[PDB]
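*Asks:* Here it is, the structure, as structure tokens.
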Amino acid sequence: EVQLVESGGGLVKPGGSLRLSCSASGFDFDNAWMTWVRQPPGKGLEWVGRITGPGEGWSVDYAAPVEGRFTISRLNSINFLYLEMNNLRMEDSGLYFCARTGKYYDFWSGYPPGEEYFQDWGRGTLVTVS
Amino acid sequence: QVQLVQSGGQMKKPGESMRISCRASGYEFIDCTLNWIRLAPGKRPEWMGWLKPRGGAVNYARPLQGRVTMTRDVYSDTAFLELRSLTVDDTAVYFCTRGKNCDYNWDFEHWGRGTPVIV
Amino acid sequence: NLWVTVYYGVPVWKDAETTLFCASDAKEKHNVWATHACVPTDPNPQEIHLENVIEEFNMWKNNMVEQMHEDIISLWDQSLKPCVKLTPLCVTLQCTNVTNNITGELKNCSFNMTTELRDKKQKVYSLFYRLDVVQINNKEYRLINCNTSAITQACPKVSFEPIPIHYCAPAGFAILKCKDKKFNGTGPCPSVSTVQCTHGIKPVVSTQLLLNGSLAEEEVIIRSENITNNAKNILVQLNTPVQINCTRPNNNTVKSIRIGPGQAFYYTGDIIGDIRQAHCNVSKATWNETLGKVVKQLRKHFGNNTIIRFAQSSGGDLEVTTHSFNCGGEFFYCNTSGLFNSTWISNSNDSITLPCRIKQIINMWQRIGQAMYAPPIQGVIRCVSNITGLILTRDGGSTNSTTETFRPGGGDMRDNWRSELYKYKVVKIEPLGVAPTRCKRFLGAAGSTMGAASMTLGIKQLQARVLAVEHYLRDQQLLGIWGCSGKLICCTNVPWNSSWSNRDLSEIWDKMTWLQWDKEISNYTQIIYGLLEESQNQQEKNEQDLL
Amino acid sequence: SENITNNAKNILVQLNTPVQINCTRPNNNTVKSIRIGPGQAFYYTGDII
Amino acid sequence: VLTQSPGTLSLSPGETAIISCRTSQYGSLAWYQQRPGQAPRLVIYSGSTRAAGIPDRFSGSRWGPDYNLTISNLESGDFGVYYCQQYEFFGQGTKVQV
Ligand SMILES: *[C@@H]1O[C@H](CO)[C@@H](O[C@@H]2O[C@H](CO)[C@@H](O[C@@H]3O[C@H](CO)[C@@H](O)[C@H](O[C@H]4O[C@H](CO)[C@@H](O)[C@H](O)[C@@H]4O)[C@@H]3O)[C@H](O)[C@H]2NC(C)=O)[C@H](O)[C@H]1NC(C)=O
Ligand SMILES: *[C@@H]1O[C@H](CO)[C@@H](O[C@@H]2O[C@H](CO)[C@@H](O[C@@H]3O[C@H](CO)[C@@H](O)[C@H](O)[C@@H]3O)[C@H](O)[C@H]2NC(C)=O)[C@H](O)[C@H]1NC(C)=O
Ligand SMILES: *[C@@H]1O[C@H](CO)[C@@H](O)[C@H](O)[C@H]1NC(C)=O
Ligand SMILES: *[C@@H]1O[C@H](CO)[C@@H](O)[C@H](O)[C@H]1NC(C)=O
Ligand SMILES: *[C@@H]1O[C@H](CO)[C@@H](O)[C@H](O)[C@H]1NC(C)=O
Ligand SMILES: *[C@@H]1O[C@H](CO)[C@@H](O)[C@H](O)[C@H]1NC(C)=O
Ligand SMILES: *[C@@H]1O[C@H](CO)[C@@H](O)[C@H](O)[C@H]1NC(C)=O
Ligand SMILES: *[C@@H]1O[C@H](CO)[C@@H](O)[C@H](O)[C@H]1NC(C)=O
Ligand SMILES: *[C@@H]1O[C@H](CO)[C@@H](O)[C@H](O)[C@H]1NC(C)=O
Ligand SMILES: *[C@@H]1O[C@H](CO)[C@@H](O)[C@H](O)[C@H]1NC(C)=O
Ligand SMILES: *[C@@H]1O[C@H](CO)[C@@H](O)[C@H](O)[C@H]1NC(C)=O
Ligand SMILES: *[C@@H]1O[C@H](CO)[C@@H](O)[C@H](O)[C@H]1NC(C)=O
Ligand SMILES: *[C@@H]1O[C@H](CO)[C@@H](O)[C@H](O)[C@H]1NC(C)=O
């Protein structure tokens, strides 16, 4: 039972900034690395970014529209995944999801970096810009 | 030590006027409110008014407005009550009272000896 | 599982009483209300609006008002200290009426007075108001405050004009202010902000009607510690001003004589024109509309079928029964029986003229054995001011009357400044906190839950700065003994006991603010301070670092 | 005491058992108050009853 | 606004006396005792708290607007006249006799 209660964000002008938090309890936050994704309301899920494993670089990789816009951080001491989203545009909206990324690879069909999967997600947190 | 030394005891006829006094002691007279209470046998105890020194502000009970006056001497620390026109109904013992903790006036911990007035 | 972690800079504040320093704007250093020692003010005060947070205010019990009252009295006495003593003025005055030359407020009051040399006396003709002069026992009088107290002359150049005075808290303290427009003095305030200095508060002295000051924003606001209590004064704040002009028609020429080495007694020489009478004007329609608004608000606290009756003050000395104020250096006392004369049943361009008397012997903040002589001001005086508040008192004492009578009442002078400091509450800052965490070695975001806040994050002035320094070192001293020489965050080696209110760490850092957490572990705090003491650091630093 | 044998040096004696001493002024003084100036008042023994 | 239990209550020494005062308005309620030929005393204040110097026998309160004063084990110094104050009001006044 990996509860992922993500709670943050709300109404904001087209230009602005805000600060979403994604709690997590019931697994090993200390090395397993996590991802954010965005699902605008009239749209499906779209990938945002993901912290890398502590010891696996501890870096972040943004997405094609989001690069230069968002920033991801983790305070593993308190099991919290923060996402700062700044310099906002109007398409930025939806039930922003935080999930626990995984590492998957195998030989035979091996190819770097392989693939990852989003097993345990959160419930959701609505953010809408105006 | 808080002591309200009350003084009076004068027999009066109807239609005349009366005055009684209440000297404060122990506590600083200036920074604490005084009240005047009347007790008649077989009747409700009626609160007659209150007097705040440091300005001498007065609040008279509505039934007695126009007939009761309360003043004070700051230097002798003495409050004075006066009634302009007594009647038979004014037969009662009058008390000069102080709140237990003036912050809240309506706890009459300290009472005077009592001044009977017969009409 | 969980370990005590020491966070410094947590946004947790606790109420408190402290010292506060004046901070004026620019300053002729002749203002009675200027100490010529108040630090310059901030041109851009750092007013920080908070996130969602409710703060329980109580304007009736804060120490800002008591401290301001003490400061005002001390400042006035300081101003009056280096001025003439008027000891030899208490003499037998032989007074005659100021007549029409053919046909009793003013009195001539000739008298003998001392001069530069003690071997000589001079005969001086003056003019004193009837209020200042009391008859002895052959038309012989004296000044009213001679058989008690001693009258001190105000220095002629000292001006009594109110000046804005900001009150600033020392470092380590802050001043929360409630911005809720309908706030009525007590209870929760959802809209809280923080400042270092209050806005400029004019020390305006008035008794029945509060002048100038600050107005309500939306509607007339009624404040009382208990509206049903007959002893607590009701403070009314107006959302619009009612202009109150006032004048002293008399063309009054002042003359001065020397009464001793380096001392001069200023007194009214004479009057050129007709004597006339001092008076004030209040717009009739505006005052009637204001009373209508006050009745509309008062009907909410009481029954909606109650007849609200306004009457004159029922008694007291001249400061309470009459609207007492300062104008151009003179002291007016106006009847105001024409303003509160009405009954209001539960469903143009005329001016109400209030007679006013002038008193030179003044006793403000009524004290046993002290008084002032306000010297007369030459020429005609006019003022223009805003009535922005009232002080009312209920009569009570009847159950079947069905009508509530509201009379003006001066009450206490502190009631003036309660109408100005109702917004503010002083809070001590306690930046230190402890929390459970899985590591073993400004006031913004107070309303934001923990975790998000973690990454998001004259003589009075001297005592004030010194205290802060001590407090600063105190925190550092704690950080010294906890093996945390750094700042902000440090992990420590004391495990979290389950008995210390445990939510399992998923909720405390998501759902709960720093203030709530402090409330949760306040009673237990000295225990963790005990365990985080150098008892742990003796095991960690003395036993293990002697190679 | 400081050096004991030294004169010119007070010897402080502290008792284990207190000795009760009681004083009185048996005069029923009637005290009057008179004003000597503005505010200032002088208190003197008026009479002896 | 204020009413009380019967004013001719008569008990011997030793029993428990129940004095009921009903109040219409909100406010702190105090209980006063008047001895014969002496000024009243504050017996209870703020509804339930005893005044200084009052024994523990005088106690009692009620959440609702019907306050009850309980006087257990009456002595000779009791058996005065009891009043119930709420702000200015005092009520009818009930005597306790033998
Ligand atoms: C509420 O605020 C109002 C508005 O500020 C305030 O009215 C103002 O009062 C002051 C003080 O009386 C007035 O300033 C005076 O105005 C005239 C201008 O001709 C001068 O006579 C005065 O200067 C003389 O006095 C000074 C000492 O105070 C001396 O230094 C000087 O040399 C002169 O002898 C003085 O400047 C001001 O004009 C009014 N404002 C208006 C708009 O009329 C009012 O007093 C405040 N309320 C209360 C209760 O005080
Ligand atoms: C005037 O003074 C009173 C007492 O000092 C202030 O508080 C009031 O106190 C009474 C109890 O004495 C409260 O009664 C409460 O009522 C409800 C009943 O459902 C319930 O919540 C409680 O159990 C309790 O019995 C009363 O509510 C309380 N008044 C308020 C407004 O909270 C009173 O507030 C003062 N009046 C004012 C400010 O207008
Ligand atoms: C002053 O006027 C009063 C009131 O009319 C009068 O009684 C008094 O005698 C007058 N004084 C003198 C000295 O004429
Ligand atoms: C006061 O008396 C003197 C006596 O010389 C006189 O000159 C002066 O005019 C009088 N004042 C008034 C206002 O009448
Ligand atoms: C002033 O003193 C002189 C001394 O001769 C005396 O005659 C006169 O009456 C005194 N005047 C007053 C007004 O007291
Ligand atoms: C003397 O002072 C007292 C107060 O100490 C005051 O009541 C009295 O009125 C004064 N005397 C006269 C004659 O006014
Ligand atoms: C006014 O005071 C009452 C208690 O008397 C309180 O419940 C109320 O919240 C206050 N009004 C506001 C707007 O806070
Ligand atoms: C006060 O006087 C000004 C002119 O100085 C005038 O415009 C205003 O109407 C007056 N106020 C009242 C209430 O009459
Ligand atoms: C004030 O207005 C009320 C209605 O609000 C009216 O009945 C009353 O006559 C007015 N009073 C004056 C003095 O104009
Ligand atoms: C105000 O005028 C009324 C008119 O009846 C009068 O009774 C009252 O005494 C006056 N106030 C003062 C303080 O003289
Ligand atoms: C007072 O009267 C004198 C007479 O010379 C005149 O010069 C002066 O202007 C008057 N003052 C005022 C303020 O009208
Ligand atoms: C009265 O209030 C108005 C509105 O706030 C303001 O513009 C005006 O300056 C005030 N009057 C004075 C004399 O301060
Ligand atoms: C105090 O008494 C001791 C013995 O108890 C003695 O040796 C010492 O000299 C005395 N102190 C003096 C004389 O100051």
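A note on labels: chains of the structure tokens are A, B, ... as shown, every chain counts residues from 1, and ligands are counted from 1 in their shown order.
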If you run DSSP on the backbone, which residues of stretch 27-74 of chain B are strand (DSSP E), as a VMD selection string?
*Replies:* chain B and resid 34 to 39 46 to 52 57 to 60 68 to 73
*Asks:* Include C-alpha atoms and write out the residues we just selected as a PDB file, in the first residue's frame.
*Replies:*
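What ended up in selection_24.pdb:
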```
ATOM      1  CA  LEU B  34     -17.971  51.644  42.162  1.00  0.00           C
ATOM      2  CA  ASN B  35     -21.634  50.614  42.103  1.00  0.00           C
ATOM      3  CA  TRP B  36     -24.638  51.530  44.239  1.00  0.00           C
ATOM      4  CA  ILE B  37     -27.077  48.773  45.217  1.00  0.00           C
ATOM      5  CA  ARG B  38     -30.350  48.928  47.151  1.00  0.00           C
ATOM      6  CA  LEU B  39     -31.800  46.093  49.245  1.00  0.00           C
ATOM      7  CA  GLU B  46     -32.181  46.884  42.351  1.00  0.00           C
ATOM      8  CA  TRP B  47     -28.871  48.035  40.906  1.00  0.00           C
ATOM      9  CA  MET B  48     -29.037  51.834  40.911  1.00  0.00           C
ATOM     10  CA  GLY B  49     -25.959  52.829  38.903  1.00  0.00           C
ATOM     11  CA  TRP B  50     -22.194  52.851  38.676  1.00  0.00           C
ATOM     12  CA  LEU B  51     -19.551  55.532  39.008  1.00  0.00           C
ATOM     13  CA  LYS B  52     -16.118  55.436  37.390  1.00  0.00           C
ATOM     14  CA  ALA B  57     -18.440  58.959  34.506  1.00  0.00           C
ATOM     15  CA  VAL B  58     -21.876  57.812  35.667  1.00  0.00           C
ATOM     16  CA  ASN B  59     -24.448  55.282  34.490  1.00  0.00           C
ATOM     17  CA  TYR B  60     -27.834  55.550  36.218  1.00  0.00           C
ATOM     18  CA  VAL B  68     -30.409  59.823  41.328  1.00  0.00           C
ATOM     19  CA  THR B  69     -27.072  61.622  41.152  1.00  0.00           C
ATOM     20  CA  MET B  70     -23.623  60.175  41.862  1.00  0.00           C
ATOM     21  CA  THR B  71     -20.510  62.306  42.245  1.00  0.00           C
ATOM     22  CA  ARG B  72     -17.138  61.927  43.936  1.00  0.00           C
ATOM     23  CA  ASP B  73     -14.214  63.624  45.594  1.00  0.00           C
TER      24      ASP B  73
END
```
*Asks:* Which residues sit within 7 Å of ligand 5, counting only C-alpha atoms and all ligand atoms, listed as a list in words?
*Replies:*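 Using only C-alpha atoms and all ligand atoms, I find these residues within 7 Å of ligand 5: residues 92, 93, 94, 110, 111, 112 and 123 of chain C.
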*Asks:* Grab the residues selected above and save them as a CSV table (one decimal), in the first residue's frame with N, CA and C atoms.
*Replies:*
```
chain,number,residue,atom,x,y,z
C,92,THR,N,-4.6,85.9,45.5
C,92,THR,CA,-6.0,86.3,45.6
C,92,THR,C,-6.3,87.3,44.4
C,93,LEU,N,-7.2,86.9,43.6
C,93,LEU,CA,-7.6,87.7,42.4
C,93,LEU,C,-8.8,88.5,42.8
C,94,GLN,N,-8.8,89.8,42.5
C,94,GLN,CA,-9.9,90.6,42.7
C,94,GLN,C,-10.6,90.8,41.3
C,110,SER,N,-7.9,91.3,38.2
C,110,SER,CA,-6.6,92.0,38.5
C,110,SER,C,-5.9,91.3,39.7
C,111,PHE,N,-4.6,91.4,39.8
C,111,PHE,CA,-3.9,90.8,40.9
C,111,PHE,C,-2.5,91.3,41.0
C,112,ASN,N,-1.9,91.2,42.2
C,112,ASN,CA,-0.5,91.4,42.4
C,112,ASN,C,0.3,90.2,41.9
C,123,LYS,N,1.2,95.2,39.4
C,123,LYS,CA,-0.2,95.0,39.3
C,123,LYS,C,-0.5,94.6,37.9
```
*Asks:* Please check which protein, DNA or RNA residues sit within 12 Å of ligand 3, counting only C-alpha atoms and all ligand atoms, and write them as a list in words.
*Replies:*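 Listed by chain and ascending number, the contacts are residues 94, 95, 96, 97, 98, 99, 100, 101, 102, 103, 104, 105, 106, 107, 108, 109, 130, 135, 138, 139, 140 and 141 of chain C.
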*Asks:* Only C-alpha atoms, please: the residues just picked out, written as a CSV table (one decimal), in the first residue's frame.
*Replies:*
```csv
chain,number,residue,atom,x,y,z
C,94,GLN,CA,-9.9,90.6,42.7
C,95,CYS,CA,-12.2,89.9,39.7
C,96,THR,CA,-15.0,91.9,38.0
C,97,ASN,CA,-17.3,90.8,35.2
C,98,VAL,CA,-16.4,91.6,31.6
C,99,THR,CA,-19.4,93.7,30.8
C,100,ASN,CA,-20.8,95.4,27.7
C,101,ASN,CA,-19.8,98.8,29.1
C,102,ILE,CA,-23.5,99.4,29.7
C,103,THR,CA,-25.0,96.0,30.6
C,104,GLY,CA,-20.2,86.2,33.2
C,105,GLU,CA,-18.0,83.8,31.4
C,106,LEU,CA,-15.0,86.1,31.4
C,107,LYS,CA,-13.5,87.8,34.4
C,108,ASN,CA,-11.1,90.7,34.6
C,109,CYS,CA,-9.2,89.4,37.7
C,130,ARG,CA,-15.1,81.4,34.6
C,135,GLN,CA,-14.5,82.1,44.3
C,138,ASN,CA,-15.7,90.5,48.6
C,139,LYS,CA,-15.5,89.4,44.9
C,140,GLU,CA,-12.2,87.7,45.6
C,141,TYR,CA,-11.2,84.6,43.5
```
*Asks:* Might you pull out every residue within 10 Å of residue C:18, with only C-alpha atoms counted and same-chain residues fewer than 5 positions away left off, and present them as a VMD selection string?
*Replies:* chain C and resid 63 to 64 67 169 to 170 173 426 to 428 464 467
*Asks:* Write a file of the just-selected residues containing C-alpha atoms, as an mmCIF file, in the first residue's frame.
*Replies:*
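The result, stored in part-v3.cif:
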```cif
data_model
loop_
_atom_site.group_PDB
_atom_site.id
_atom_site.type_symbol
_atom_site.label_atom_id
_atom_site.label_comp_id
_atom_site.auth_asym_id
_atom_site.auth_seq_id
_atom_site.Cartn_x
_atom_site.Cartn_y
_atom_site.Cartn_z
ATOM 1 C CA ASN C 63 -0.456 45.502 25.620
ATOM 2 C CA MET C 64 0.092 47.848 22.681
ATOM 3 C CA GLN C 67 2.208 50.780 26.375
ATOM 4 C CA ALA C 169 8.643 45.978 17.078
ATOM 5 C CA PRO C 170 12.239 44.906 17.781
ATOM 6 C CA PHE C 173 9.202 40.167 17.150
ATOM 7 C CA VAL C 426 2.485 41.664 18.784
ATOM 8 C CA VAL C 427 3.963 38.182 18.310
ATOM 9 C CA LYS C 428 7.254 36.806 19.557
ATOM 10 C CA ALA C 464 14.881 46.680 22.619
ATOM 11 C CA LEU C 467 17.018 41.929 24.138
#
```
*Asks:* Please, which residues of chain B lie no more than 6 Å from chain E when the count uses only C-alpha atoms, and can they be set out as JSON, numbers by chain?
*Replies:* {"B": [44, 45, 47, 106, 109, 113]}
*Asks:* Can you write out the residues you just picked, keeping C-alpha atoms, as a compact mmCIF listing (two decimals), in the first residue's frame?
*Replies:*
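Generated file (part30.txt):
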```
# COMPACT_ATOMS: atom_id res chain seq x y z
CA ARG B 44 -35.80 42.48 44.19
CA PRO B 45 -32.33 43.98 44.80
CA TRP B 47 -28.87 48.03 40.91
CA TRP B 106 -20.25 42.73 38.02
CA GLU B 109 -17.04 40.95 46.36
CA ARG B 113 -21.67 48.11 56.09
```
*Asks:* Name the residues, by chain letter and number, that sit within 8 Å of ligand 2 using only C-alpha atoms and all ligand atoms, and give them as a compact mmCIF listing (two decimals) with N, CA, C and O atoms, in the first residue's frame.
*Replies:*
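Dumped to part10.txt:
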```
# COMPACT_ATOMS: atom_id res chain seq x y z
N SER C 224 -17.46 45.99 20.99
CA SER C 224 -17.65 45.97 22.43
C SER C 224 -17.14 44.65 22.98
O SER C 224 -17.29 43.61 22.34
N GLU C 225 -16.54 44.70 24.17
CA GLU C 225 -16.08 43.47 24.80
C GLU C 225 -17.26 42.56 25.12
O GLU C 225 -17.17 41.34 24.99
N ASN C 226 -18.37 43.14 25.56
CA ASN C 226 -19.64 42.44 25.66
C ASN C 226 -20.73 43.47 25.44
O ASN C 226 -20.98 44.31 26.30
N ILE C 227 -21.39 43.40 24.27
CA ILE C 227 -22.37 44.42 23.91
C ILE C 227 -23.51 44.47 24.91
O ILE C 227 -24.13 45.52 25.10
N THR C 228 -23.80 43.36 25.57
CA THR C 228 -24.84 43.36 26.59
C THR C 228 -24.36 43.92 27.92
O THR C 228 -25.19 44.22 28.78
N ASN C 229 -23.05 44.07 28.12
CA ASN C 229 -22.53 44.58 29.38
C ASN C 229 -22.72 46.09 29.44
O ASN C 229 -22.40 46.80 28.48
N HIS C 301 -27.12 43.78 16.84
CA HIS C 301 -26.70 43.20 18.12
C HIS C 301 -27.87 43.02 19.07
O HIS C 301 -27.85 42.11 19.90
N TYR E 26 -27.65 35.52 28.40
CA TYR E 26 -26.31 34.99 28.60
C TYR E 26 -25.51 35.93 29.50
O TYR E 26 -25.72 37.15 29.49
N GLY E 27 -24.60 35.37 30.27
CA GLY E 27 -23.72 36.16 31.11
C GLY E 27 -23.26 35.37 32.31
O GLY E 27 -23.87 34.38 32.72
N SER E 28 -22.15 35.82 32.89
CA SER E 28 -21.66 35.19 34.11
C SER E 28 -22.64 35.42 35.25
O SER E 28 -23.13 36.53 35.45
N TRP E 63 -24.85 23.65 32.75
CA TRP E 63 -24.53 24.17 31.43
C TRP E 63 -25.66 25.05 30.89
O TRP E 63 -25.42 26.17 30.43
N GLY E 64 -26.89 24.55 30.94
CA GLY E 64 -28.01 25.27 30.39
C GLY E 64 -28.35 26.49 31.21
O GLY E 64 -27.68 26.81 32.20
```
*Asks:* For a quick check of understanding, using only C-alpha atoms and all ligand atoms, which of C:298, C:197, C:527, C:131 has the smallest distance to ligand 10?
*Replies:*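 For ligand 10, the nearest of the candidates is C:131.
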*Asks:* At a cut-off of 8 Å around ligand 1, and using only C-alpha atoms and all ligand atoms, what residues come up? Please write them as a ChimeraX atom specification.
*Replies:* /C:28,30,157-162,204-206,211-212,325-329,381-386
*Asks:* Write out as an MDAnalysis selection string each polymer residue (protein, DNA or RNA) that has an atom no more than 9 Å from ligand 11, with only C-alpha atoms and all ligand atoms counted.
*Replies:* chainID C and resid 249:253 271:273 378:381
*Asks:* Measure the distance from atom CA of residue B:53 to atom CA of residue B:87 in Å and round it to one decimal.
*Replies:* 29.1 Å
*Asks:* List all protein, DNA and RNA residues that have at least one atom no more than 7 Å from any atom of ligand 13, counting only C-alpha atoms and all ligand atoms, and write them as a ChimeraX atom specification.
*Replies:* /D:1-4
*Asks:* Using the selection just defined, write its residues with N, CA and C atoms as a compact mmCIF listing (two decimals), in the first residue's frame.
*Replies:*
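Heads up, here's the output in part-v5.txt:
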```
# COMPACT_ATOMS: atom_id res chain seq x y z
N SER D 1 34.07 38.57 64.95
CA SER D 1 34.71 39.87 64.78
C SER D 1 35.92 39.72 63.89
N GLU D 2 36.39 40.84 63.38
CA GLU D 2 37.60 40.89 62.56
C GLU D 2 38.79 41.03 63.49
N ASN D 3 39.46 39.92 63.77
CA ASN D 3 40.66 39.80 64.59
C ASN D 3 40.37 39.90 66.09
N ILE D 4 39.14 40.18 66.51
CA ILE D 4 38.71 40.02 67.90
C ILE D 4 39.50 40.91 68.85
```
